[PDB]
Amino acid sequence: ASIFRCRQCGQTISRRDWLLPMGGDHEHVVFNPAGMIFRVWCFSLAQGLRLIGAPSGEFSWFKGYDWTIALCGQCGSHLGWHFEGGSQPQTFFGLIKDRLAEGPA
């Protein structure tokens, strides 16, 4: 199981080989201001998304990064966020682990 697809429609999104240990773990669990919990997996790279609007620094979970919502490009399901404007790396993807399906290439 080396590739991740959108759990709702099957759109190709990312790969196990593209997981990124930010802060020493690719997995981060975080809460938004509405108290929703997200088990976030960091990826260096993703595809098949649509990044919505312009970046925002408000409530950013990752120091020095601004965020844009990442929808599945096919079905519109909220898969995570694209993070940017930071350093080493300048950008990365934080994707919600239970909204993805993992399986064979």
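All residue numbers are counted from 1 along the displayed sequence.
88-96 versus 16-24: which one carries the higher mean Cα B factor per the record? Looking at the recorded C-alpha B-factors, 16-24 comes out higher on average.
Per the entry's Cα B factor values, which of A34, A70, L45, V40 stands out as the maximum? Within the set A34, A70, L45, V40, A34 shows the top C-alpha B-factor.
In terms of the CA temperature factor given in the entry, to which third of its chain does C6 belong: lowest, middle or highest? According to the entry, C6 has a C-alpha B-factor in the chain's lowest third.
Among all modelled residues of this chain, ranked by Cα B factor, put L51 in the bottom, middle or top third, i.e. lowest, middle or highest. It falls in the middle third of the chain.
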